[PDB]
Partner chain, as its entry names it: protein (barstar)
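For reference, the chain that follows is the form deposited without its partner chain, supplied as structure tokens.
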């Protein structure tokens, strides 16, 4: 599994896609994932939540017409989700947050 800051970062730029271990929350839900039970590991072993759109409501991330932001969980293994995420734009700007999108710093 590729689920580290650098790992995923390096992967996105090579391939322009998330590593195989990611799945969207909708897909996770479809598999029986219940956020309140922190059972993700049970229904989809080896997977992490990744690839949903980040609406960037607070305009914290650099904007642009035609720029879409997506997010992915980092350092997840089991149980409840943590606070680490990578933010990637369609033009491949890579940002990180370790505090639940309060703050962001560029990593690529």
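Numbering follows the first chain given and starts at 1.
For the two regions 79-87 and 64-72, the entry's Cα B-factors average higher over 64-72.
Stretch comparison (7-15 versus 95-103) by mean CA B-factor in the PDB entry places 7-15 on top. Highest CA B-factor among the listed residues (26, 36, 48, 56): 56.
The form deposited with its partner chain bound exists for this protein as well; it is not shown, and the discussion that follows is about that form.
Taking the partner from the other structure, its partner chain in the entry with it bound has a heavy atom within 4.5 Å of a heavy atom of residue 54. Taking the partner from elsewhere, residue 83 is found to have a heavy atom lying within 4.5 Å of its partner chain in the entry with it bound. Mapping the unseen interface onto this chain, residue 36 counts among the residues with a heavy atom inside 4.5 Å of its partner chain in the entry with it bound.
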